[PDB]
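# Below you'll find the sequence and an experimental structure to go with it.
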Amino acid sequence: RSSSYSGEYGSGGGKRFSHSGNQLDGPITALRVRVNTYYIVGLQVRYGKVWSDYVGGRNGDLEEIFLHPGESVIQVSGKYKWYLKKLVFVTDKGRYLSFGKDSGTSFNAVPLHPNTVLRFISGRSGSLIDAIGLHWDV
Ligand SMILES: [Cl-]
C-alpha cells in the first residue's frame with residue numbers, strides 16, 4: 001500500500017470537498033489560490049489539462065502557478081487558524097510554491113511511503129478555506 005493521507009489541517013466549519021475523482025484527469029499540473037488580507041479564500045487544482053471545480057469564496061485576489069512538465073509536489077507545509085492562511089508546495093525540481101500570509105499555526109506534511117507524490121487534495125470550504133488534506137500516492 002503506497003497511498004497515504006496528511007491532514008486534516010485547520011478547522012470544522014464549511015463543507016467538505018474532495019478531488020479524489022480528479023486524479024483520473026492526470027497529474028497535478030497547476031495551482032490556483034485565491035488570497036486576501038488574512039486568509040486563503042479559495043483553491044483550484046489542474047489535473048492534467050483539466051481544472052477542478054472551484055472551491056471557497058470570492059473575496060480575494062487570484063494567484064496562479066503552473067508546474068513544469070513532470071514536476072511533482074513532494075511536501076506541503078502551511079499555516080492556519082480557524083481558516084487556512086499559508087500553503088507552500090515543495091516540488092521535486094526544488095521549487096517552493098508559496099501562497100498566503102506567513103502567520104498562524106504551522107504544519108508540515110510529508111508522504112508516508114516510498115516515492116509517492118501529491119495526487120489530490122481534499123478539505124473544507126465555505127466563503128474561505130476552512131481546512132486542507134493532502135493525498136499522496138505513486
Ligand atoms: Cl479546464
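That came through, no problem. Numbers count the residues shown, from 1 in each chain.

# so what's the residue nearest the centre of the chain closest to, chain neighbours aside?
In the chain, the residue lying closest to the centroid (CA atoms, centre = their mean) is residue 121, at 5.6 Å. Nearest non-adjacent residue to residue 121, counting by CB to CB, 6 or more residues apart in numbering: residue 19, 5.4 Å away. The way it works is simple: take the backbone N, C-alpha and C, and place the C-beta from them, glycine included.

# From residue 41, how far off is the one you found?
Plainly put, residue 19 is 18 Å away from residue 41 if you go by CB to CB, to the nearest Å.

# Quick check: residues of this structure near the ion?
50, 51 (CB under 5 Å from the ion).

# Which residue does the chain have closest to the ion?
Closest contact between the chain and the ion, by CB to the ion, is at residue 51 (4.0 Å).

# Which parts of the protein are strands?
Using DSSP state E, the strands of the chain run over 4-10, 15-18, 28-35, 40-47, 50-51, 55-56, 61-66, 73-80, 84-91, 96-100, 105-109, 117-125, 129-137.

# Would you mind finding the most buried of these?
strand 55-56 (a mean of 24; mean count of other CB atoms under 10 Å).

# Adjacent strands (with direction) for it?
Partners of strand 55-56 in the sheet, by DSSP bridges, are strand 40-47 (antiparallel).
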